[PDB]
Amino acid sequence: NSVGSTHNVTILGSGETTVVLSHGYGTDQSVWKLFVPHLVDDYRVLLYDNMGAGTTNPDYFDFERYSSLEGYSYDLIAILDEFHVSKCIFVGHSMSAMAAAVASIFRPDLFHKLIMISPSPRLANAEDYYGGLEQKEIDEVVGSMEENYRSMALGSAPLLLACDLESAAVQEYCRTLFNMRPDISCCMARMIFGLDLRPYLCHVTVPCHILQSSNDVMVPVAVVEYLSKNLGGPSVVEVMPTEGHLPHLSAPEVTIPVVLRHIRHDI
């Protein structure tokens, strides 16, 4: 089976330039359903599911491979090569944006620019670094998701999204979160909370467009300022007038025009 097939790769639209849409944790490629209609007329849109999404087969989830971000970077490279991609416009959420940043160190030929929605190089606090969460809180969260996965997913969704419980956004996010096998989901969460890309930002040279919500519980604004300062190539930060950690999901009316502008215009 090709890597594209096992990741449910979808090609929509048509064009000389490829826009790659890469969902983040707890979602699948359906997270982009309201964005796609705005892209298909002008671009070849490539979407795929990260290994471990509920739409993927657990037989392909190698717990060791996906306990480090490079497993996701390598899958991205393999999929883009299977589709003969050169210099794509990549759009990712959070750690899928960081997986592309890592991939671009290995394979800058694949990326014209990275559009990164709510990214962080390190979610955990460290000495002289405020990432957002103490290691002990991360331990509690990961322990809670082992205890009652679905209870924790529902309890966290409104806070992560900055949306009310009864909203379409919370309903959609819980649908995909609950679709993941709990052990796979915990493995991915542990990887995400343990990632520290701070030493490697200076090696990223592709242009990076950082799209930040106005209030993200997972990403303090100083973290995106730190990310932009330390990236090795061109970068820009745009703070959008909507809250939460998944603004593409919760507020497409704000986030779609911003994403389109960053797709259409280089730094």
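Residue numbers run from 1 along the displayed sequence.
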Would you tell me which stretch averages the higher CA B-factor in the PDB entry, 46-54 or 225-233? 225-233
Between 74-82 and 176-184, which has the larger average Cα B-factor in the PDB entry? 176-184
Which one, 113, 93, 122, 150, has the peak C-alpha temperature factor per the PDB entry? 150
Among 88, 102, 117, 141, which carries the highest Cα B-factor? 141
Splitting the chain's C-alpha B-factors into thirds, which one does residue 59 fall into? highest
Once the chain's modelled residues are ordered by C-alpha B factor and cut into thirds, is residue 258 in the lowest, middle or highest one? middle
Quick one: classify residue 30 as lowest, middle or highest third of the chain based on its Cα B-factor. lowest
Based on the deposited C-alpha B factors for this chain, I'd like to know if residue 209 is in the lowest, middle or highest third. lowest
Can you tell me which third, lowest, middle or highest, the CA B-factor of residue 69 falls into for its chain? middle
